[PDB]
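A short worksheet on the structure shown next.
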Amino acid sequence: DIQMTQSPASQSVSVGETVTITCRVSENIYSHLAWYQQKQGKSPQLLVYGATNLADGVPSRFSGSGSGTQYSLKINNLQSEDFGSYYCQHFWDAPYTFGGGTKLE
Amino acid sequence: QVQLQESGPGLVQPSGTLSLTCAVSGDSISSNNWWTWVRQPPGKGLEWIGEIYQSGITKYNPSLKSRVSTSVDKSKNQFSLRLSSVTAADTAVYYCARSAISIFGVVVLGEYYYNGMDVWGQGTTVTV
Amino acid sequence: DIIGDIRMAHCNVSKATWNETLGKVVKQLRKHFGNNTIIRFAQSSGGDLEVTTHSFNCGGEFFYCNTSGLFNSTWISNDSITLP
Amino acid sequence: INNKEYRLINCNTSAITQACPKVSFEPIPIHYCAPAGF
Amino acid sequence: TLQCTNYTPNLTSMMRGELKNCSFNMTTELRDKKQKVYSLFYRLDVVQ
Ligand SMILES: *[C@@H]1O[C@H](CO)[C@@H](O[C@@H]2O[C@H](CO)[C@@H](O[C@@H]3O[C@H](CO[C@H]4O[C@H](CO)[C@@H](O)[C@H](O)[C@@H]4O)[C@@H](O)[C@H](O[C@H]4O[C@H](CO)[C@@H](O)[C@H](O)[C@@H]4O[C@H]4O[C@H](CO)[C@@H](O)[C@H](O)[C@@H]4O)[C@@H]3O)[C@H](O)[C@H]2NC(C)=O)[C@H](O)[C@H]1NC(C)=O
Ligand SMILES: *[C@@H]1O[C@H](CO)[C@@H](O[C@@H]2O[C@H](CO)[C@@H](O[C@@H]3O[C@H](CO)[C@@H](O)[C@H](O[C@H]4O[C@H](CO)[C@@H](O)[C@H](O)[C@@H]4O)[C@@H]3O)[C@H](O)[C@H]2NC(C)=O)[C@H](O)[C@H]1NC(C)=O
Ligand SMILES: *[C@@H]1O[C@H](CO)[C@@H](O[C@@H]2O[C@H](CO)[C@@H](O)[C@H](O)[C@H]2NC(C)=O)[C@H](O)[C@H]1NC(C)=O
Ligand SMILES: *[C@@H]1O[C@H](CO)[C@@H](O)[C@H](O)[C@H]1NC(C)=O
Ligand SMILES: *[C@@H]1O[C@H](CO)[C@@H](O)[C@H](O)[C@H]1NC(C)=O
Ligand SMILES: *[C@@H]1O[C@H](CO)[C@@H](O)[C@H](O)[C@H]1NC(C)=O
Ligand SMILES: *[C@@H]1O[C@H](CO)[C@@H](O)[C@H](O)[C@H]1NC(C)=O
Ligand SMILES: *[C@@H]1O[C@H](CO)[C@@H](O)[C@H](O)[C@H]1NC(C)=O
Ligand SMILES: *[C@@H]1O[C@H](CO)[C@@H](O)[C@H](O)[C@H]1NC(C)=O
């Protein structure tokens, strides 16, 4: 099975700063990855599908990037509403494992 | 405008079987989507359970070896999980979601790709 | 090169016609091996693709179709089947 | 094709067989004969 | 000798690993020259 690693484990940042969350995969998944946001107890919502395509209805401040075995989500001008858990999922092979997750506070 | 809602009453006793049904409303289950289930234990990361297509084709997480089955019912626009032999590690919030795909060829040959698990439901808490 | 998306070659056989065909074949097989005998169909086993798959010339191309969706069943006394 | 670079005229379409130097090209009269019954 | 790579390595369909983009030094009309050729071959026709 493919192993998904998400890091930093946690962040402590201020409002208005830009942060990056990085997902590392043991195999090249050719951008078949998705970036979910879990708003502190709410069901996860989809931010990026396809690694680099903004999901419909998501603010433009969320922008995915990456290739090969390294993918990241950049959040510019971080607001209060964006704090919560973030998760990455590889769609390359089954089981579509979900990365351990990072907590942005 | 899919509005998913789980039921699936909890308080299942050890060595029993779960029955968790996700209702679909605002669309049919014959659209170009996989119906998927995930699990999130109370304080752990998010686990994938499995997917079922409109034709009855299923995919499961190998960790649930011969423990989980999925079904759909086109006359109800419903789908459900039947997870057998629960012990104690299965206490979690269970969620259903609509995993969207882009289809370019024949589905049974894998000629599709995923566009993310859009439209998550609210989740059902299941304890054992 | 290949223009457009890359897709797999395949063959379609309908389920109802094939199921009726096998029912007739089983009915006739039971006349040699007796009645109340279970007739099981299964996929081919070993050997080269020439004998393990359905080999044929389709428009000049040589297809090697799996067929393991056509021969799996046990017979005890529009919904197509797609063969890679 | 582009001392200057050239190729033999046949390289574009065909192979060449060198005729045997000991085989004459002088025409020999040929008499055509009918089979029996004709 | 062919030098091959995967034609579409990002597929998730049953053709992942099938259809390789192989390069080779092919002969041409003149015996002095060589032509670099790229072509697609099926996996079943090419042995590593
Ligand atoms: C044997 O039997 C099987 C069924 O058991 C049958 O499978 C069907 O094959 C056809 C053709 O191979 C498949 O057709 C595709 O269908 C999808 C989905 O169509 C539905 O949803 C769209 C949503 O827009 C509706 O418009 C449509 O009416 C349906 O409701 C289409 O999306 C496919 O189109 C794409 O691929 C085409 C090339 O094949 C392109 O021309 C087209 O523009 C589309 O490409 C675009 O979108 C892609 C996806 O985003 C993208 O990657 C591309 O780059 C491009 O942007 C196509 O019409 C049909 O789904 C199969 N059915 C099932 C159930 O699998 C076999 O064909 C049959 N074979 C024989 C020999 O009998
Ligand atoms: C069992 O019988 C059926 C019916 O005879 C047979 O299917 C038929 O195969 C032929 C040959 O492939 C098809 O005829 C072709 O049709 C296409 C249509 O686009 C034409 O383009 C083809 O012409 C091209 O190819 C020719 C060489 O084959 C060239 O000479 C020509 O100049 C063109 O380049 C050709 O006319 C015919 O259409 C099908 N029938 C149907 C209904 O599709 C089948 O293959 C047989 N089974 C086996 C195992 O052979
Ligand atoms: C034809 O397809 C069948 C599957 O439909 C192949 O059998 C499978 O082989 C894999 C190993 O590659 C096993 O893990 C599966 O359990 C097998 N399934 C069944 C039902 O036996 C078969 O090998 C294919 N044949 C050819 C020649 O490609
Ligand atoms: C084959 O194609 C014809 C149309 O040309 C269609 O009517 C027929 O049902 C198809 N058969 C199968 C088995 O898909
Ligand atoms: C299909 O075949 C099965 C045998 O495995 C048989 O029980 C069933 O009734 C058949 N269905 C039809 C519609 O012929
Ligand atoms: C069953 O087999 C017997 C032979 O033992 C034969 O006489 C009988 O006609 C068979 N019945 C059918 C329905 O084929
Ligand atoms: C298909 O074949 C497998 C063995 O490869 C067998 O266990 C299974 O029961 C078969 N399917 C049906 C419907 O009989
Ligand atoms: C090569 O052959 C083609 C026809 O086969 C002819 O049209 C062309 O002129 C030839 N090239 C030269 C240099 O004569
Ligand atoms: C073709 O030949 C050159 C040397 O002339 C060599 O360096 C190159 O690797 C060869 N390419 C292939 C695909 O064999």
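What follows draws every value from the coordinates through simple rules; no lab data is involved. Cβ atoms come from the backbone with ideal geometry, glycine included; neighbour counts cover every protein chain shown.
Within segment A:74-95, take every residue that is hydrophobic (A, V, I, L, M, F, W, C), closer than 26 Å to B:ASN61 by Cα and in contact with a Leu (Cβ under 9 Å, 6 or more places away or on another chain) and give me the one that is nearest to the other protein chains (Cβ to nearest Cβ). So the residue we want is A:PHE91. Within segment A:8-16, the presence of a residue that is farther than 30 Å from B:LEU64 by Cβ, under 12 Å from the mean Cα position of the chain (by Cα) and among the β-branched types (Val, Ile, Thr) is excluded.
None of E:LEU2, E:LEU30 is aliphatic (A, V, I, L, M), more than 16 Å from ligand 3 (Cβ to nearest atom) and under 9 Å from the mean Cα position of the chain (by Cα) except E:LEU2. Looking across segment A:37-73, the residues that are more than 10 Å from the chain's Cα centre (by Cα) and at positive phi come down to A:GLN40, A:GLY41, A:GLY50, A:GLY57, A:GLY66, A:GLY68.
In this structure, A:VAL15 qualifies as of a type in the set (A, V, I, L, M) and over 18 Å from B:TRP48 (Cβ atoms). Just one of (1) in contact with a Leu (Cβ under 9 Å, 6 or more places away or on another chain); (2) surrounded by 20 or more Cβ atoms within 10 Å (Cβ to Cβ) trips up B:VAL86, so point out which. B:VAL86 satisfies every listed condition except (2). Among the residues examined, A:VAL58 qualifies as of a type outside the set (D, E, K, R), more than 10 Å from every other protein chain (Cβ to nearest Cβ) and more than 20 Å from E:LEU11 (Cβ to Cβ).
A Cβ distance below 6 Å, combined with a sequence gap of six or more or placement on separate chains, defines the contacts here; from segment B:31-44, residues that are away from ligand 4 (no atom under 16 Å from the Cβ) reach residues that are among the hydroxyl-bearing types (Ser, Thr, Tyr) and not in a loop (DSSP other than H, G, I, E, B) in the pairs B:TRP34/B:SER99; B:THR36/B:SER99; B:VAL38/B:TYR95; B:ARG39/B:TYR94.
The strands (runs of 3 or more DSSP E) found entirely in segment C:39-81 that carry 3 or more residues being within 16 Å of ligand 4 (Cβ to nearest atom) and under 21 Å from B:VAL108 (Cβ atoms) are C:54-58.
Taken over segment B:93-107, the criterion of being buried (at least 18 other Cβ atoms within 10 Å of the Cβ) and within 7 Å of another protein chain (Cβ to nearest Cβ) is satisfied by B:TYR95, B:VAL106. When we screen C:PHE33, C:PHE63, C:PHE71 for residues that are hydrophobic (A, V, I, L, M, F, W, C) and within 16 Å of ligand 6 (Cβ to nearest atom), the only hit is C:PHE33. Only residues in segment A:37-54 that are under 17 Å from A:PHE83 (Cβ atoms) count as the first member; pair them with residues that are β-branched (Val, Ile, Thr), Cβ under 6 angstrom, at least 6 apart or cross-chain, and list the lot. Qualifying pairs under 6 Å: A:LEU47/A:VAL58. When C:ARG40 is tested against (1) loosely packed, with under 13 Cβ neighbours inside 10 Å; (2) of a type outside the set (A, V, I, L, M, F, W, C); (3) more than 11 Å from ligand 5 (Cβ to nearest atom), just one condition goes unmet, and that condition is (3).
What number of residues within segment A:31-51 are outside any strand (DSSP E or B) and within 8 Å of chain B (Cβ to nearest Cβ)? Number satisfying all stated conditions: 4.
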